[PDB]
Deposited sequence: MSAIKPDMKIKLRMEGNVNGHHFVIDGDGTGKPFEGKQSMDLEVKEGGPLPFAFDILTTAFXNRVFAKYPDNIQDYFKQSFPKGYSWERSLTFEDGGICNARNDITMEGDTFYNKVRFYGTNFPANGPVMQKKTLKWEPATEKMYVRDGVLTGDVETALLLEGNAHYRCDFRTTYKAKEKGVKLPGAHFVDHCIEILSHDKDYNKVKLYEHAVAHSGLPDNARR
């Protein structure tokens, strides 16, 4: 395979949430076949961020997912040329985000060109008031809609004061090479955690564990 058991991650995110511009660099490593990745993020411009760092973390690559032999792994078969995704995130108080990633590979390293745009977050809401604690574990439903691999998630962020803040998102995934064969419908379980950070989330260590399954235990 093109994909080694230990891969480096280089990432630049540029974006805008509620008119606040930012640039965030990422350096990390991961184990594509174990579905594990960890990365050091550093805010380069626009810090300290005036919104909950948590809304960005799912934008910071489904190559880092343990796929069983019985499910087509679209993501690992997309290399070395790579793939891109587009995502729309809808929050229960009317917040709406569009994110995309163009993923390429050069030797042992995945390069990530990430864009994140967020709007319509209420000034008094948990995102702009920085009241989020974490994403709850979530299952991504993978299926093909009209020739496009689509991933749906219905999840929530835990807030301070024993409350949840609901988020739905839809991702579309496209291989750069035509004739990478689409998979059957399946699930990917995701856990994402901020392992450490400094005062205003200018430096963040982020971890994700993901596993593909066909539903049954």
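Peer 1: Pop the missing stretches of the deposited sequence into a list, counting residues from 1 and keeping sequence order.
Peer 2: Holes in the chain trace, numbered from 1: 1, 62, 220-224.
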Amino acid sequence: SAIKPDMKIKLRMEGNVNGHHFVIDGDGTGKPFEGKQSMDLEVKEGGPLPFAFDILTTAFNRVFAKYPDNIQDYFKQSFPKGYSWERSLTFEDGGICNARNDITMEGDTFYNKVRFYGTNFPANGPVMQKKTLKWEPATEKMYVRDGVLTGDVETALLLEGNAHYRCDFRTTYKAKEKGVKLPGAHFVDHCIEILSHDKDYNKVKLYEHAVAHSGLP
From here on, numbers count along this sequence of modelled residues.
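Peer 1: Identify the stretch, either 170-178 or 184-192, whose C-alpha atoms have the larger mean B-factor according to the entry.
Peer 2: The deposited B-factors put 170-178 ahead on the C-alpha mean.
Peer 1: On average, which has the higher Cα B-factor in the deposited entry, 47-55 or 28-36?
Peer 2: The deposited B-factors put 28-36 ahead on the C-alpha mean.
Peer 1: Using the B-factor values recorded in the entry, state whether the Cα atom of residue 131 falls in the lowest, middle or highest third among the modelled residues of its chain.
Peer 2: According to the entry, residue 131 has a C-alpha B-factor in the chain's middle third.
Peer 1: Of the three thirds of its chain by CA temperature factor, lowest, middle or highest, which one includes residue 72?
Peer 2: Its C-alpha B-factor, which the entry lists for residue 72, ranks in the highest third among residues of this chain.
Peer 1: Lowest, middle or highest third: which one holds residue 81 when the chain's residues are ordered by CA B-factor from the entry?
Peer 2: Top third by C-alpha B-factor.
Peer 1: Can you tell me whether residue 154 has a C-alpha B-factor in the lowest, middle or highest third compared with the other modelled residues of the same chain?
Peer 2: Highest third - that is where residue 154 ends up once the chain's C-alpha B-factors are sorted.
Peer 1: Taking the chain's C-alpha temperature factors as the reference, tell me which third residue 197 falls into: lowest, middle or highest.
Peer 2: Lowest third.
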